[PDB]
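**Student:** Before anything else, here's the structure in question.
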Amino acid sequence: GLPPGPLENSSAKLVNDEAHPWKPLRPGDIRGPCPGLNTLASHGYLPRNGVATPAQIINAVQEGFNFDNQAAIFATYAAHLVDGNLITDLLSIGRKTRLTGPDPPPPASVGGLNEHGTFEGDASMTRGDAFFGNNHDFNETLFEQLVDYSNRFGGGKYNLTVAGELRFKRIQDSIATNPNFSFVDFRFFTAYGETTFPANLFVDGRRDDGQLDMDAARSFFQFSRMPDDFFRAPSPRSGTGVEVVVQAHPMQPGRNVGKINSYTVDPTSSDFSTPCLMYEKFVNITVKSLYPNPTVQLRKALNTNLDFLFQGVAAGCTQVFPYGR
Ligand code: HEM
Ligand SMILES: *[C@@H]1O[C@H](CO)[C@@H](O)[C@H](O)[C@H]1NC(C)=O
Ligand SMILES: *[C@@H]1O[C@H](CO)[C@@H](O)[C@H](O)[C@H]1NC(C)=O
Ligand SMILES: *[C@@H]1O[C@H](CO)[C@@H](O)[C@H](O)[C@H]1NC(C)=O
Ligand SMILES: *[C@@H]1O[C@H](CO)[C@@H](O)[C@H](O)[C@H]1NC(C)=O
Ligand SMILES: *[C@@H]1O[C@H](CO)[C@@H](O)[C@H](O)[C@H]1NC(C)=O
Ligand SMILES: c1ccc2ccccc2c1
Ligand SMILES: [Cl-]
Ligand SMILES: [Mg+2]
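Everything in the sequence shown is counted per mature numbering (1 follows the signal peptide of the UniProt record, and there is no 0), starting at 28 for the first residue and increasing by one.
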């Protein structure tokens with residue numbers, strides 16, 4: 028289906044309402060590394076089993092949290108291209124599942140959002156790096172560190188100042204302990220933007236003050252649960268204030284090189300000075316490597332989803348065509 032358009036009415040409103048109650052997981056229900064999508068699934072904005080179409084995801088993030096349309100489109104189609112089934116039009120928000128349908132040939136994995144190194148990556152705030160055994164479940168120790176950083180830099184609340192400090196701490200801890208730490212290209216971008224999301228989108232929209240309390244933070248991050256009487260944000264947004272996070276501790280893209288404490292800058296990586304390069308590499312390298320010589324129906328589905336992806340790219344970039352026009 029076509030990517031949904033922006034909300035017709037983007038005002039703050041109660042989104043923890045009678046039609047969207049929180050419910051606990053049933054056997055088989057999938058949750059993954061994204062507390063936003065997890066919460067939407069657990070309130071029935073998405074299918075409660077955690078398997079959805081790109082159109083369902085875009086509608087849910089807009090309706091439930093007032094995520095902006097351009098950001099919704101880019102993130103959703105990027106995730107779907109690398110982790111979803113392009114023939115069935117289904118994506119798991121967590122683990123790989125037979126529910127997304129018959130798989131394409133390798134090297135495409137259709138591994139859901141839990142797939143390491145496609146969309147998901149290292150130095151997440153409340154999830155551990157994949158090297159340490161689990162890149163998707165809520166981690167209490169990491170959450171308590173978020174609480175500590177909120178106490179130290181946010182007066183007990185999570186805000187952009189806290190984000191700036193915690194983002195850097197998680198990078199430096201991965202450098203020190205994960206010999207396979209990777210922090211380039213698509214992950215380098217998403218790792219920064221995601222740290223703004225709790226301040227921009229988990230804060231009740233009647234306040235919209237960028238100060239997230241720890242009871243609400245735990246409810247979303249651990250339980251995929253909106254606070255009682257939760258109002259969504261009062262206007263469309265995603266990553267506003269990411270400049271504050273970057274400015275706190277500016278980093279270059281790079282990786283550890285098979286050993287701890289060996290962070291080596293990658294000059295081939297995109298960075299914030301080259302946002303169109305991030306898009307071009309994502310298509311030409313990441314997507315193309317998963318689908319190097321697709322058959323007829325796959326090629327068509329790739330091109331459709333790549334056209335939708337490009338709708339989410341900030342104006343100024345040139346579309347690239349790995350499988351022709
Ligand atoms: C629009 C479609 C979306 C997709 C496809 C998506 C996907 C993802 C993925 C794969 C991750 C894991 C990255 C990582 O930390 O390794 C992630 C993290 C995150 N997502 Fe989303 N997401 C979307 C929308 C949202 C929305 C609307 C919110 C908030 C309302 C949100 C909040 C977050 C947060 C806070 C994290 C970081 C978790 C952490 O580091 O502990 N996301 N998302
Ligand atoms: C938009 O929705 C809000 C909150 O649900 C409502 O109060 C407002 O009147 C709506 N705007 C229009 C033009 O209907
Ligand atoms: C190690 O890093 C590479 C990317 O540099 C990635 O393909 C691989 O999945 C990583 N594995 C883990 C467990 O981090
Ligand atoms: C959570 O994160 C901590 C700190 O990185 C790690 O030591 C621990 O093994 C992780 N998992 C659990 C289940 O606590
Ligand atoms: C975060 O909270 C602390 C303490 O209230 C404050 O000094 C700082 O200015 C806040 N930052 C933002 C971006 O709101
Ligand atoms: C991506 O491939 C296109 C050709 O389809 C080429 O023009 C473009 O320069 C490539 N970009 C990168 C970053 O490789
Ligand atoms: C993770 C998930 C969703 C996103 C949307 C826009 C930009 C970066 C993101 C990173
Ligand atoms: Cl929008
Ligand atoms: Mg991660």
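Note that beta-carbon positions come from the ideal geometry of N, C-alpha and C, so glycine has one too.
Excluding the 5 residues flanking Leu64 on each side, which residues of the same chain have their C-beta closer than 6 Å to its C-beta?
**Tutor:** For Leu64, where only same-chain residues beyond five positions count, the Cβ hits under 6 Å are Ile120.
**Student:** By the 10 Å Cβ neighbour count, where 16 or more other Cβ atoms means buried, how is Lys286 classified, buried or exposed?
**Tutor:** That one is exposed.
**Student:** First and last residue of the alpha helix (DSSP H) that includes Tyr290?
**Tutor:** Per DSSP, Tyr290 belongs to no alpha helix (DSSP H) and is neither H nor E.
**Student:** Distance check for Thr313 and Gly144, CA to CA, integer angstroms please.
**Tutor:** The straight-line gap from Cα to Cα measures roughly 10 Å.
**Student:** Report the rounded CA-to-CA distance for residue 355 versus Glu192, giving the unit in angstroms.
**Tutor:** The question about residue 355 has no answer here: the residues shown for the chain are numbered 28 through 352.
**Student:** Is it buried or exposed, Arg264, if we count other Cβ atoms within 10 angstroms and call 16 or more buried?
**Tutor:** Buried is the call here.
**Student:** Taking 7 Å as the limit between beta carbons, can you name the residues of its chain near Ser201, skipping five residues before and five after?
**Tutor:** Closer than 7 Å at Cβ, skipping near neighbours: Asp149, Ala150, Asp156, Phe208.
**Student:** Just the Cα atoms here: how many angstroms apart are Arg179 and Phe210?
**Tutor:** Distance between the alpha carbons of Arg179 and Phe210: 26 Å.
**Student:** Cβ of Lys184 within 7 Å of Cβ of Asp240?
**Tutor:** Yes, they are a contact pair.
**Student:** Between which two residues does the alpha helix (DSSP H) harbouring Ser201 extend?
**Tutor:** 187-204 is the extent of the alpha helix (DSSP H) around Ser201.
**Student:** Tell me, please, whether the stretch 224-237 touches the stretch 261-276 by the rule of three or more beta-carbon pairs shorter than 8 Å.
**Tutor:** Yes, since at least three Cβ pairs between the stretch 224-237 and the stretch 261-276 fall closer than 8 Å, the two stretches touch.
**Student:** If contact is defined by three or more beta carbon pairs under 8 Å, each pair taking one atom from either stretch, is the stretch 275-289 in contact with the stretch 93-109?
**Tutor:** Too few Cβ pairs lie closer than 8 Å, so no.
**Student:** Give me the residue from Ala79, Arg194, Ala244, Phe215 with the minimum Cα distance to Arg58.
**Tutor:** Selected option, being the one with the closest Cα: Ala79.
**Student:** Spell out the partners DSSP gives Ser209 in its beta bridges.
**Tutor:** Answer is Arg282, bridged to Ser209.
**Student:** Which of the three DSSP states is assigned to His47 in this structure?
**Tutor:** DSSP places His47 in coil when its eight states are reduced to three.
**Student:** Using a threshold of 7 Å, state whether the C-beta atoms of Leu317 and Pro31 are closer than that.
**Tutor:** Taking 7 Å as the Cβ cut-off, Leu317 and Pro31 do not qualify as a contacting pair.
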